[PDB]
Amino acid sequence: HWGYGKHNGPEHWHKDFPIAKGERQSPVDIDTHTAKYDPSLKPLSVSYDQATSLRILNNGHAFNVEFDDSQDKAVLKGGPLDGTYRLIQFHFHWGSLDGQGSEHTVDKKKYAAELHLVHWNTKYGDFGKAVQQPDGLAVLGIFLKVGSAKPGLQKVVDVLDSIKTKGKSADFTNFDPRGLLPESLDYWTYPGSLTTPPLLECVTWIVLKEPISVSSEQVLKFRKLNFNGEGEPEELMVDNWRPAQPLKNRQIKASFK
Ligand SMILES: O=C(O)Cc1cccc([N+](=O)[O-])c1
Ligand SMILES: [Zn+2]
């Protein structure tokens with residue numbers, strides 16, 4: 001099955017998921033000189049005051065911080081969106097070294113990591129139905145650079161020891177994802193896809209311009225996770241990013257001048 005190796009990594013995905021070579025795949029390189037300012041875009045509305053985190057999971061590809069999405073508690077609205085999108089989970093992608101890790105790139109620059117806050121459009125009732133629709137998901141993407149520590153991340157970092165291997169989970173209540181956001185909500189937006197299989201073309205991407213800073217120590221703890229299951233040969237969870245895909249017939253729009 002799919003992964004991030006020589007034998008099963010992104011360059012192989014298309015054999016099981018032919019949409020890999022589709023018209024609206026993610027991630028992409030954001031060419032800042034060609035992304036046009038769109039005065040019709042709205043400010044983003046990120047309403048996470050009532051978000052209810054429940055659990056953290058190592059799924060063998062990343063770790064997921066999961067939320068109770070059984071009510072409108074943590075929602076994304078505005079920006080490029082019509083309607084209301086409920087937070088279901090966040091996860092990251094990162095590198096073996098600080099010079100790579102992000103999925104999106106900015107004028108070909110790779111950041112050390114990228115955070116994905118995944119939301120589904122409430123008009124479709126559940127996540128599984130939403131991923132079948134072109135406007136089913138909104139993913140908020142936030143770059144990480146290595147510098148100062150992010151205090152708001154440390155709760156996440158310190159639980160990782162308990163979910164080292166694939167299939168491990170841990171109770172993870174009361175975590176506030178507001179602590180992961182940068183000061184500005186300036187963004188780029190474009191239509192795209194999930195970045196892991198099944199690679200469905202269901203996402204409005206919203207990529208923030210301003211990275212967050214995390215410390216080397218924080219990112220180092222991400223790189224101690226394992227792709228493998230308990231008591232299998234250790235293969236560190238690093239370089240779990242899909243490279244940029246062809247933009248094709250898409251426009252990337254900027255919310256800012
Ligand atoms: O389990 C998975 O890998 C599929 C999946 C599920 C939810 C979000 C995703 N994304 O690309 O943001 C991908
Ligand atoms: Zn992701």
# chains A, B, ... in the order shown; residues from 1 in each chain; ligands from 1
$ closest_atom_pairs --of "chain A" --to "ligand 2" --cutoff "12 Å" --atoms "only C-alpha atoms and all ligand atoms" --output "tab-separated table"
residue	atom	partner	partner_atom_place_in_ligand_line	distance
A:26	CA	ligand 2	1 (Zn)	9.8
A:27	CA	ligand 2	1 (Zn)	9.2
A:61	CA	ligand 2	1 (Zn)	9.7
A:62	CA	ligand 2	1 (Zn)	8.5
A:63	CA	ligand 2	1 (Zn)	10.0
A:64	CA	ligand 2	1 (Zn)	9.6
A:65	CA	ligand 2	1 (Zn)	12.0
A:89	CA	ligand 2	1 (Zn)	10.1
A:90	CA	ligand 2	1 (Zn)	7.9
A:91	CA	ligand 2	1 (Zn)	6.1
A:92	CA	ligand 2	1 (Zn)	5.9
A:93	CA	ligand 2	1 (Zn)	6.2
A:94	CA	ligand 2	1 (Zn)	10.0
A:101	CA	ligand 2	1 (Zn)	11.1
A:102	CA	ligand 2	1 (Zn)	9.4
A:103	CA	ligand 2	1 (Zn)	7.9
A:104	CA	ligand 2	1 (Zn)	10.0
A:113	CA	ligand 2	1 (Zn)	10.2
A:114	CA	ligand 2	1 (Zn)	7.6
A:115	CA	ligand 2	1 (Zn)	6.8
A:116	CA	ligand 2	1 (Zn)	5.0
A:117	CA	ligand 2	1 (Zn)	8.0
A:118	CA	ligand 2	1 (Zn)	8.2
A:119	CA	ligand 2	1 (Zn)	11.8
A:138	CA	ligand 2	1 (Zn)	11.7
A:139	CA	ligand 2	1 (Zn)	8.4
A:140	CA	ligand 2	1 (Zn)	9.5
A:141	CA	ligand 2	1 (Zn)	8.1
A:142	CA	ligand 2	1 (Zn)	10.3
A:143	CA	ligand 2	1 (Zn)	11.4
A:193	CA	ligand 2	1 (Zn)	10.1
A:194	CA	ligand 2	1 (Zn)	7.3
A:195	CA	ligand 2	1 (Zn)	5.9
A:196	CA	ligand 2	1 (Zn)	7.1
A:197	CA	ligand 2	1 (Zn)	10.6
A:199	CA	ligand 2	1 (Zn)	10.8
A:203	CA	ligand 2	1 (Zn)	11.4
A:205	CA	ligand 2	1 (Zn)	11.0
A:207	CA	ligand 2	1 (Zn)	11.8
A:240	CA	ligand 2	1 (Zn)	9.1
A:241	CA	ligand 2	1 (Zn)	7.9
A:242	CA	ligand 2	1 (Zn)	8.9
A:243	CA	ligand 2	1 (Zn)	11.7
$ residues_around --residues "residue 163 in chain A" --least-positions-apart "4" --cutoff "12 Å" --atoms "only C-alpha atoms" --output "PDB file with N, CA, C and O atoms, in the first residue's frame"
ATOM      1  N   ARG A  55      -8.697  13.472  20.465  1.00  0.00           N
ATOM      2  CA  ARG A  55      -7.767  12.323  20.368  1.00  0.00           C
ATOM      3  C   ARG A  55      -6.672  12.694  19.406  1.00  0.00           C
ATOM      4  O   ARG A  55      -6.916  13.427  18.439  1.00  0.00           O
ATOM      5  N   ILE A  56      -5.493  12.003  19.520  1.00  0.00           N
ATOM      6  CA  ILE A  56      -4.392  12.113  18.550  1.00  0.00           C
ATOM      7  C   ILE A  56      -4.096  10.742  18.154  1.00  0.00           C
ATOM      8  O   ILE A  56      -4.040   9.749  18.979  1.00  0.00           O
ATOM      9  N   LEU A  57      -3.918  10.535  16.878  1.00  0.00           N
ATOM     10  CA  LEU A  57      -3.735   9.344  16.227  1.00  0.00           C
ATOM     11  C   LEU A  57      -2.500   9.216  15.318  1.00  0.00           C
ATOM     12  O   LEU A  57      -2.374  10.061  14.445  1.00  0.00           O
ATOM     13  N   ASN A  58      -1.609   8.223  15.431  1.00  0.00           N
ATOM     14  CA  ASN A  58      -0.573   7.937  14.404  1.00  0.00           C
ATOM     15  C   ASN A  58      -1.172   7.005  13.405  1.00  0.00           C
ATOM     16  O   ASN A  58      -1.433   5.833  13.741  1.00  0.00           O
ATOM     17  N   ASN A  59      -1.462   7.454  12.195  1.00  0.00           N
ATOM     18  CA  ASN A  59      -2.068   6.653  11.170  1.00  0.00           C
ATOM     19  C   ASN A  59      -1.154   5.972  10.225  1.00  0.00           C
ATOM     20  O   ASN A  59      -1.497   5.385   9.165  1.00  0.00           O
ATOM     21  N   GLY A  60       0.165   6.051  10.525  1.00  0.00           N
ATOM     22  CA  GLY A  60       1.143   5.482   9.736  1.00  0.00           C
ATOM     23  C   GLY A  60       1.682   6.421   8.591  1.00  0.00           C
ATOM     24  O   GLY A  60       2.634   6.038   7.899  1.00  0.00           O
ATOM     25  N   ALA A  62       1.083  10.200   9.135  1.00  0.00           N
ATOM     26  CA  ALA A  62       1.211  11.388   9.899  1.00  0.00           C
ATOM     27  C   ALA A  62       0.595  11.178  11.262  1.00  0.00           C
ATOM     28  O   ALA A  62       0.216  10.035  11.540  1.00  0.00           O
ATOM     29  N   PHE A  63       0.428  12.208  12.050  1.00  0.00           N
ATOM     30  CA  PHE A  63      -0.459  12.087  13.152  1.00  0.00           C
ATOM     31  C   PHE A  63      -1.632  13.077  12.974  1.00  0.00           C
ATOM     32  O   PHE A  63      -1.431  14.243  12.572  1.00  0.00           O
ATOM     33  N   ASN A  64      -2.795  12.666  13.379  1.00  0.00           N
ATOM     34  CA  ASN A  64      -3.960  13.473  13.264  1.00  0.00           C
ATOM     35  C   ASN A  64      -4.483  13.918  14.623  1.00  0.00           C
ATOM     36  O   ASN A  64      -4.690  13.037  15.504  1.00  0.00           O
ATOM     37  N   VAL A  65      -4.670  15.195  14.930  1.00  0.00           N
ATOM     38  CA  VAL A  65      -5.419  15.698  16.065  1.00  0.00           C
ATOM     39  C   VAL A  65      -6.880  15.825  15.707  1.00  0.00           C
ATOM     40  O   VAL A  65      -7.196  16.626  14.759  1.00  0.00           O
ATOM     41  N   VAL A 156       1.087  19.233  21.827  1.00  0.00           N
ATOM     42  CA  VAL A 156       1.201  18.227  20.788  1.00  0.00           C
ATOM     43  C   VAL A 156       2.513  17.457  20.774  1.00  0.00           C
ATOM     44  O   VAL A 156       2.529  16.284  20.801  1.00  0.00           O
ATOM     45  N   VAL A 157       3.585  18.186  20.846  1.00  0.00           N
ATOM     46  CA  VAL A 157       4.909  17.565  20.857  1.00  0.00           C
ATOM     47  C   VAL A 157       5.078  16.594  22.021  1.00  0.00           C
ATOM     48  O   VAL A 157       5.596  15.491  21.872  1.00  0.00           O
ATOM     49  N   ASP A 158       4.595  16.990  23.165  1.00  0.00           N
ATOM     50  CA  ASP A 158       4.882  16.167  24.328  1.00  0.00           C
ATOM     51  C   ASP A 158       4.052  14.864  24.370  1.00  0.00           C
ATOM     52  O   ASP A 158       4.392  13.970  25.139  1.00  0.00           O
ATOM     53  N   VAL A 159       2.957  14.755  23.587  1.00  0.00           N
ATOM     54  CA  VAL A 159       2.188  13.526  23.528  1.00  0.00           C
ATOM     55  C   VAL A 159       2.710  12.522  22.506  1.00  0.00           C
ATOM     56  O   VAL A 159       2.299  11.339  22.435  1.00  0.00           O
ATOM     57  N   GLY A 167      -0.997   3.161  14.234  1.00  0.00           N
ATOM     58  CA  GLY A 167      -2.155   2.591  14.952  1.00  0.00           C
ATOM     59  C   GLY A 167      -2.297   2.946  16.396  1.00  0.00           C
ATOM     60  O   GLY A 167      -3.263   2.514  17.035  1.00  0.00           O
ATOM     61  N   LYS A 168      -1.300   3.549  16.987  1.00  0.00           N
ATOM     62  CA  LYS A 168      -1.435   4.122  18.316  1.00  0.00           C
ATOM     63  C   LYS A 168      -2.240   5.376  18.386  1.00  0.00           C
ATOM     64  O   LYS A 168      -2.015   6.294  17.558  1.00  0.00           O
ATOM     65  N   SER A 169      -3.109   5.514  19.303  1.00  0.00           N
ATOM     66  CA  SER A 169      -3.768   6.763  19.639  1.00  0.00           C
ATOM     67  C   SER A 169      -3.701   7.119  21.082  1.00  0.00           C
ATOM     68  O   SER A 169      -3.351   6.221  21.979  1.00  0.00           O
ATOM     69  N   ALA A 170      -4.077   8.318  21.454  1.00  0.00           N
ATOM     70  CA  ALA A 170      -4.070   8.779  22.830  1.00  0.00           C
ATOM     71  C   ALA A 170      -5.145   9.828  23.043  1.00  0.00           C
ATOM     72  O   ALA A 170      -5.456  10.652  22.125  1.00  0.00           O
ATOM     73  N   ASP A 171      -5.792   9.834  24.167  1.00  0.00           N
ATOM     74  CA  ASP A 171      -6.691  10.915  24.533  1.00  0.00           C
ATOM     75  C   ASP A 171      -5.971  12.233  24.378  1.00  0.00           C
ATOM     76  O   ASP A 171      -4.808  12.370  24.661  1.00  0.00           O
ATOM     77  N   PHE A 172      -6.685  13.211  23.782  1.00  0.00           N
ATOM     78  CA  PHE A 172      -6.079  14.548  23.515  1.00  0.00           C
ATOM     79  C   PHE A 172      -7.167  15.560  23.534  1.00  0.00           C
ATOM     80  O   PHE A 172      -7.629  16.078  22.503  1.00  0.00           O
ATOM     81  N   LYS A 221      11.157  16.314  17.460  1.00  0.00           N
ATOM     82  CA  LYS A 221      10.275  15.349  18.099  1.00  0.00           C
ATOM     83  C   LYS A 221       9.299  14.798  17.046  1.00  0.00           C
ATOM     84  O   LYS A 221       8.935  13.636  17.082  1.00  0.00           O
ATOM     85  N   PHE A 222       8.885  15.582  16.048  1.00  0.00           N
ATOM     86  CA  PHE A 222       8.089  14.997  14.965  1.00  0.00           C
ATOM     87  C   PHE A 222       8.856  13.904  14.263  1.00  0.00           C
ATOM     88  O   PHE A 222       8.333  12.858  13.867  1.00  0.00           O
ATOM     89  N   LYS A 224      10.984  11.818  15.326  1.00  0.00           N
ATOM     90  CA  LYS A 224      11.133  10.570  16.074  1.00  0.00           C
ATOM     91  C   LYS A 224       9.977   9.623  15.969  1.00  0.00           C
ATOM     92  O   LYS A 224      10.065   8.486  16.414  1.00  0.00           O
ATOM     93  N   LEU A 225       8.862  10.095  15.374  1.00  0.00           N
ATOM     94  CA  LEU A 225       7.757   9.201  15.117  1.00  0.00           C
ATOM     95  C   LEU A 225       8.166   8.142  14.104  1.00  0.00           C
ATOM     96  O   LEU A 225       9.209   8.226  13.420  1.00  0.00           O
ATOM     97  N   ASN A 226       7.354   7.102  14.000  1.00  0.00           N
ATOM     98  CA  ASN A 226       7.615   5.971  13.145  1.00  0.00           C
ATOM     99  C   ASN A 226       6.429   5.781  12.165  1.00  0.00           C
ATOM    100  O   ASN A 226       5.277   5.840  12.567  1.00  0.00           O
ATOM    101  N   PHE A 227       6.781   5.432  10.926  1.00  0.00           N
ATOM    102  CA  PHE A 227       5.790   4.977   9.942  1.00  0.00           C
ATOM    103  C   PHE A 227       5.290   3.595  10.270  1.00  0.00           C
ATOM    104  O   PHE A 227       4.199   3.216   9.930  1.00  0.00           O
ATOM    105  N   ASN A 228       6.225   2.780  10.770  1.00  0.00           N
ATOM    106  CA  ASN A 228       5.942   1.352  11.091  1.00  0.00           C
ATOM    107  C   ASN A 228       5.128   1.208  12.337  1.00  0.00           C
ATOM    108  O   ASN A 228       4.950   2.077  13.116  1.00  0.00           O
ATOM    109  N   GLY A 229       4.512  -0.011  12.415  1.00  0.00           N
ATOM    110  CA  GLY A 229       3.772  -0.494  13.575  1.00  0.00           C
ATOM    111  C   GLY A 229       4.744  -0.976  14.695  1.00  0.00           C
ATOM    112  O   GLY A 229       5.929  -1.150  14.452  1.00  0.00           O
ATOM    113  N   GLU A 230       4.223  -1.030  15.943  1.00  0.00           N
ATOM    114  CA  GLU A 230       4.909  -1.661  17.054  1.00  0.00           C
ATOM    115  C   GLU A 230       5.634  -2.916  16.635  1.00  0.00           C
ATOM    116  O   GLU A 230       5.178  -3.833  15.945  1.00  0.00           O
ATOM    117  N   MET A 237       9.378   8.460  10.668  1.00  0.00           N
ATOM    118  CA  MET A 237       8.362   9.246   9.991  1.00  0.00           C
ATOM    119  C   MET A 237       8.961  10.619   9.662  1.00  0.00           C
ATOM    120  O   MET A 237       8.872  11.509  10.472  1.00  0.00           O
TER     121      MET A 237
END
$ atom_distance --atom1 "CA of residue 212 in chain A" --atom2 "CA of residue 44 in chain A"
17.4 Å
$ select_by_dssp --residues "range 56-224 of chain A" --states "alpha helix (DSSP H)" --output "list in words"
residues 127, 128, 129, 130, 154, 155, 156, 157, 158, 159, 216, 217, 218, 219, 220, 221 and 222 of chain A
$ closest_atom_pairs --of "range 94-192 of chain A" --to "range 67-87 of chain A" --cutoff "10 Å" --atoms "only C-alpha atoms" --output "CSV"
residue,atom,partner,partner_atom,distance
A:117,CA,A:87,CA,7.1
A:118,CA,A:87,CA,5.8
A:119,CA,A:87,CA,4.2
A:120,CA,A:85,CA,4.8
A:121,CA,A:85,CA,4.3
A:122,CA,A:85,CA,5.7
A:123,CA,A:83,CA,7.7
A:125,CA,A:70,CA,10.0
A:126,CA,A:69,CA,9.0
A:127,CA,A:86,CA,9.4
A:135,CA,A:81,CA,8.7
A:136,CA,A:85,CA,8.6
A:137,CA,A:85,CA,7.3
A:138,CA,A:85,CA,6.8
A:139,CA,A:87,CA,9.2
A:140,CA,A:76,CA,8.9
A:172,CA,A:67,CA,9.3
A:173,CA,A:67,CA,8.8
A:174,CA,A:67,CA,9.8
A:175,CA,A:67,CA,9.4
A:177,CA,A:74,CA,9.6
A:185,CA,A:79,CA,9.6
A:186,CA,A:79,CA,9.6
A:187,CA,A:79,CA,8.7
A:188,CA,A:80,CA,9.6
A:189,CA,A:80,CA,7.3
A:190,CA,A:80,CA,9.0
$ write_last_selection --atoms "C-alpha atoms" --output "mmCIF file, in the first residue's frame"
data_model
loop_
_atom_site.group_PDB
_atom_site.id
_atom_site.type_symbol
_atom_site.label_atom_id
_atom_site.label_comp_id
_atom_site.auth_asym_id
_atom_site.auth_seq_id
_atom_site.Cartn_x
_atom_site.Cartn_y
_atom_site.Cartn_z
ATOM 1 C CA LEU A 117 -6.497 22.090 9.239
ATOM 2 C CA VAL A 118 -9.174 20.080 7.475
ATOM 3 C CA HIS A 119 -12.824 21.209 7.342
ATOM 4 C CA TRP A 120 -15.887 19.821 5.577
ATOM 5 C CA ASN A 121 -18.878 21.632 4.115
ATOM 6 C CA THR A 122 -21.830 21.192 6.373
ATOM 7 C CA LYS A 123 -24.242 21.268 3.392
ATOM 8 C CA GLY A 125 -23.916 16.327 6.069
ATOM 9 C CA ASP A 126 -20.805 14.199 6.796
ATOM 10 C CA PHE A 127 -17.181 14.079 5.724
ATOM 11 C CA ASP A 135 -16.616 22.110 -2.876
ATOM 12 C CA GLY A 136 -16.674 19.544 -0.127
ATOM 13 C CA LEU A 137 -13.562 20.478 1.894
ATOM 14 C CA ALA A 138 -11.648 23.555 2.887
ATOM 15 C CA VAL A 139 -8.108 23.008 4.042
ATOM 16 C CA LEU A 140 -6.241 25.737 5.784
ATOM 17 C CA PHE A 172 -6.079 14.548 23.515
ATOM 18 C CA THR A 173 -8.744 16.728 24.930
ATOM 19 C CA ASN A 174 -8.936 20.444 25.420
ATOM 20 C CA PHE A 175 -6.325 21.397 22.880
ATOM 21 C CA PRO A 177 -5.859 25.073 17.744
ATOM 22 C CA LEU A 185 -4.781 35.684 7.959
ATOM 23 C CA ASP A 186 -3.582 36.909 4.543
ATOM 24 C CA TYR A 187 -3.885 33.984 2.163
ATOM 25 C CA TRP A 188 -3.617 32.446 -1.288
ATOM 26 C CA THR A 189 -6.471 30.270 -2.538
ATOM 27 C CA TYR A 190 -6.955 27.806 -5.364
#
$ atom_distance --atom1 "CA of residue 152 in chain A" --atom2 "CA of residue 109 in chain A"
25.1 Å
$ atom_distance --atom1 "CA of residue 131 in chain A" --atom2 "CA of residue 14 in chain A"
18.5 Å
